[PDB]
Structure formats: C-alpha cells, structure tokens
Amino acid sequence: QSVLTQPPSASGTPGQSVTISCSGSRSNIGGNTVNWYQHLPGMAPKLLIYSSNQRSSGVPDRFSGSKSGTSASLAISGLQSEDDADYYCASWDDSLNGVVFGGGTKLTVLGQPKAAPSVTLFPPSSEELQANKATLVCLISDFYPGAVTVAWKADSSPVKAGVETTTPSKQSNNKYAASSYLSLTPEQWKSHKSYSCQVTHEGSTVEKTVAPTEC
C-alpha cells in the first residue's frame, strides 16, 4: 500500500495510446497539485508533468496530465519504444505533512519487431588459467522479446553445474541483453575438444563454440 494508488502495469503497441490512473484522497490529490515522473533503468527520474496538467520543459505534447476530485491521470499517445519505463504520480499530503508517491506503473510497449539474439562466446584467458581457474563467457545481445534460456555443453554433453546467468535487461536501443558464465577447472577445459553456449529465444536455439587450441 502506497498512499497514492496506481495500477502496476499498462501497455500498448507502437503508435497506440494509454492512460495511467492515480487515486488518492482529500488530504493529498483532493487539495494539492499532482506531479508525474518517468523513470528509466540506470538514470535519475525525470519530471514530466507538474501542477497536475503542465508539461515540464522539453516534454512532448503527447504526454498530458489531468486531475479531478481525488484522482489524477497521465495520458501518453503516439507510443514509442523509448516510452517503456516506470511512471510515478506524487503529491503533497496535508495530513502527513510531506510528499507522497504512488507505487509506480510499468508501461510496456509491446508489438516491437521480433529480433533473434546475437551471441559472442569467449574462452578462458591464459592469465586466468595460470591462477588455476577457468571461466567461459557467453554474451547475448540485441534480442526481442526480452526472454532467453541458456544451455552449456562440453563437447556434446550437457553441463549444468557452475553456470551463472543473468535476467535480461533493456539496452539503450530498446532490445535486450543477457550474459551467462560457465566455471570450469583448467583440467576440464583442456580435456575436451570444445565447449558450446546454446541460446534459445522463442523456441529457436543458436550457438557458439570455442576450443582450447584456438589462437
């Protein structure tokens, strides 16, 4: 329970529109102006709307705010990939004597073009091998939608232990990235013909392979 109530999610496809609601009470929205913030991964929040219906400098007019009684709305038209973000309403609250925030709404712009992942696989470095360790590094980029699974093989045999795989994250180009790491002993690494990282995205699996004797 946040003091202001927002739906957890909203969505549309490119060029569509959405409205995100924010519900409060007499003590906050009822007697005070509303602010709206956009928040992207990695960066500070940005003010979009203040005084309930005024656009901050430089914000396009496809973002619009409104308020009546004890509820407020943020409307977004002409949806673009870069609109994928969290949106928060906020207000002063006269009973609490402080600023209150809604819980945020995650806007997802769906219907973007499907894109298969690009995969780069690196073998252990000589330096790491000399320290009696070995890490294979599988970097996965430029995919959409943002979901993959990763499998590893020694020669043709599945390897499950020693695997560390990230959740996918948005890149600056609005496609997704992930990484997977396989830990081996140097003895394991040198004893096989090769190792492979197999990446499955929407049912289609692609792979890269590295070998100890490559240079």
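Numbering starts at 1 and follows the sequence shown.
Colleague: What stretch has the higher average Cα B-factor here, 148 to 156 or 59 to 67?
Modeller: Going by the record's values, the stretch with the higher mean is 148 to 156.
Colleague: If you take the mean CA temperature factor per stretch, which one wins between 205 to 213 and 4 to 12?
Modeller: The entry gives the higher C-alpha B-factor average to 205 to 213.
Colleague: Just the C-alpha B-factor column, please: which of 74, 107, 110, 121 has the biggest number?
Modeller: Comparing C-alpha B-factors across 74, 107, 110, 121, the maximum falls on 110.
Colleague: Could you check 97, 125, 141, 91 and tell me which one carries the biggest Cα B-factor in the deposited entry?
Modeller: Checking the PDB record, the top C-alpha B-factor among 97, 125, 141, 91 is at 125.
Colleague: Select lowest, middle or highest to describe the third in which the CA B-factor of residue 84 falls within its chain in this entry.
Modeller: Its C-alpha B-factor, which the entry lists for residue 84, ranks in the highest third among residues of this chain.
Colleague: Name the third of the chain's ranked CA B-factors that contains residue 134, choosing lowest, middle or highest.
Modeller: As the PDB entry reports it, the C-alpha B-factor of residue 134 lands in the middle third of its chain.
Colleague: Check where residue 19 lands among this chain's C-alpha B-factors and tell me if it's the lowest, middle or highest third.
Modeller: Ranked within chain, residue 19 CA B lands in the lowest tercile.
Colleague: Should residue 173 be placed in the lowest, middle or highest third of its chain by the C-alpha B factor in the entry?
Modeller: Ranked within chain, residue 173 CA B lands in the highest tercile.
Colleague: Pull the Cα B-factor of residue 165 out of the PDB entry and bin it into the chain's lowest, middle or highest third.
Modeller: Ranked within chain, residue 165 CA B lands in the lowest tercile.
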